[PDB]
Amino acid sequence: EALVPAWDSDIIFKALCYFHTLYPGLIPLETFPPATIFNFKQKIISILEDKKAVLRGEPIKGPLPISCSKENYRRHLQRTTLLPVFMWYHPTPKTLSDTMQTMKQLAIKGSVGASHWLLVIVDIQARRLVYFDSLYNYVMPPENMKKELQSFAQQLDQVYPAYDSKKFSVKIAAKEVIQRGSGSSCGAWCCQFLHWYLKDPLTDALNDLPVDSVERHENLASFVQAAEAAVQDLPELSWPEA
């Protein structure tokens, strides 16, 4: 029974909560709503500004999560070393506001359609931005996304300076298509890649996958079965303690 169903915002959130218990530097950012390709940079800048405020002992400007107490959120901003920025994408809408309307319409229908889950990891400790597209070039060619992210890295060096002067670097994770053998396995792939990264931030696991699509998909099914078992009894709509 090797099924990989299309993972929704709720199971992705529960996996994040679980991954925080294992790696406390990960902050389980909410996915209701997740970021988009049109506001992920703004969302990350807002989070980093709040972390700077908590380190100075000042008030936060928000926005606050809805399933976390304000004081627990302040404790997670003090702790965190890694931002797991899930992004929901659809090829039809071309602005932020049009993408939010498309997201509501598909949420209410219960349809996957042409929608896709992407991941940007902000590694604060390594100063690394990592972009993972299981479909390789679903949004745009990778050399175009690297250029956009290189300009954003320069902005982050001003927003969130280190003690020393180290500049943010950019990694495009997928060197060719990852997700073969299914149209609906993107959210599962994102969580599997994030777990490999947490185990090893230099991971080369994407370059060591089975060649035939039916075996590669079976292995991801095993991960999905283990993750669903691990989160099943963890608290619904409730952040863990920092």
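Position 1 is the first residue in the sequence shown; the rest follow in order.
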(request) Would you mind comparing 103-111 and 129-137 for me and telling me which has the higher average C-alpha temperature factor in the entry? (result) 103-111
(message) If you take the mean CA temperature factor per stretch, which one wins between 114-122 and 89-97?
(response) 89-97
(request) Pick out which of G62, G187, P28, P34 has the highest C-alpha B-factor in the PDB entry. (result) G62
(request) Relative to the other modelled residues of the same chain, rank the CA B-factor of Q42 and answer lowest, middle or highest third. (result) middle
(request) Would you mind checking where the Cα B-factor of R75 ranks among the modelled residues of its chain, as the lowest, middle or highest third? (result) lowest
(message) For the chain shown, is the CA B-factor of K51 in the lowest, middle or highest third of its modelled residues?
(response) lowest
(request) Taking the values exactly as deposited, rank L194 by C-alpha B-factor within its chain and report the matching third: lowest, middle or highest. (result) lowest
(message) Lowest, middle or highest third: which one holds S169 when the chain's residues are ordered by CA B-factor from the entry?
(response) middle
